[PDB]
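Sequential numbering from 16 applies to the sequence shown in the deposited numbering.
Notes follow the structure.
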Amino acid sequence: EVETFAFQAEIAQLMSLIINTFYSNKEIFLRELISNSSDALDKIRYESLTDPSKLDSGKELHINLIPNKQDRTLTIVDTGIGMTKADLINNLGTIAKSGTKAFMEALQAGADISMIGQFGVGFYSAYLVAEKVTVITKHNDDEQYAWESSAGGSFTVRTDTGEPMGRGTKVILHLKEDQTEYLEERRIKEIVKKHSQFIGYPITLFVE
Ligand SMILES: CSc1nc(C)nc(N)n1
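Given below as structure tokens:
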């Protein structure tokens, strides 16, 4: 059913720095996530050029932003490449151990938390605004899995029995209570325009 894993020591540290350092520019999480979505879409697009059947699990290449004021979640959905079970457990396909080290050194030489994406670890910036992150992913080579973590050093992975998704990743951010500004339509729009204005895939902002 549910497997529980410990994060490697450098990720646990990376997540704790993110959660504990006072840093008011939290809004960069969205860009970091849309930027992961865009890389994952590049990937399925490049593979499909030589094997069109990779798009049998969906032809449309895009990003959806889904706010839900009742559940208090912001969900970032793409129909990108997805992750296999092994890649989800291996730091969601990131080079988190070496990127974190390098990032921490840059933080001592004048870098700041907004540069997290330059180190291949921007996914973890979700924890600037989220108390819990769930990630649902479907790779063409595998079943559908849910990853989840509220930090504190562990994450869980299970087969996902929610609704089948064709292919891609949904990052579901359960927001901290003081961060609900990220569920507001004109907030999200503003942030997309400031940091992700020109991206190679269409972004749809869902309304409620
Ligand atoms: C490798 S596919 C992928 N990986 C991450 C971290 N996020 C998304 N959206 N896709």
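All C-beta atoms in this analysis are idealised placements derived from N, C-alpha and C, irrespective of residue type, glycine included.
Asked                                                                                                 : Found
Complete alpha helix (DSSP H) runs within the region 108-193 (minimum length 4 residues, chain order) : 111-122
Element boundaries [beta strand (DSSP E), containing residue 76]                                      : No beta strand (DSSP E) holds residue 76; DSSP gives it neither H nor E.
Residue 88 - DSSP class collapsed to helix/strand/coil                                                : strand
N- and C-terminal bounds of the beta strand (DSSP E) containing residue 42                            : Looking at the DSSP string, residue 42 is not in any beta strand (DSSP E), and its letter there is neither H nor E.
Contact between the region 74-93 and the region 46-55 (3+ Cβ pairs under 8 Å)                         : yes
Euclidean distance between Cα positions of residue 60 and residue 137                                 : 22 Å
Cβ pair residue 78, residue 197 closer than 8 Å                                                       : no
Check: residue 63 C-beta below 7 Å from any heavy atom of ligand 1                                    : no
Under the three-state DSSP convention, the category residue 83 falls into                             : strand
Simplified DSSP assignment, three categories, for residue 207                                         : helix
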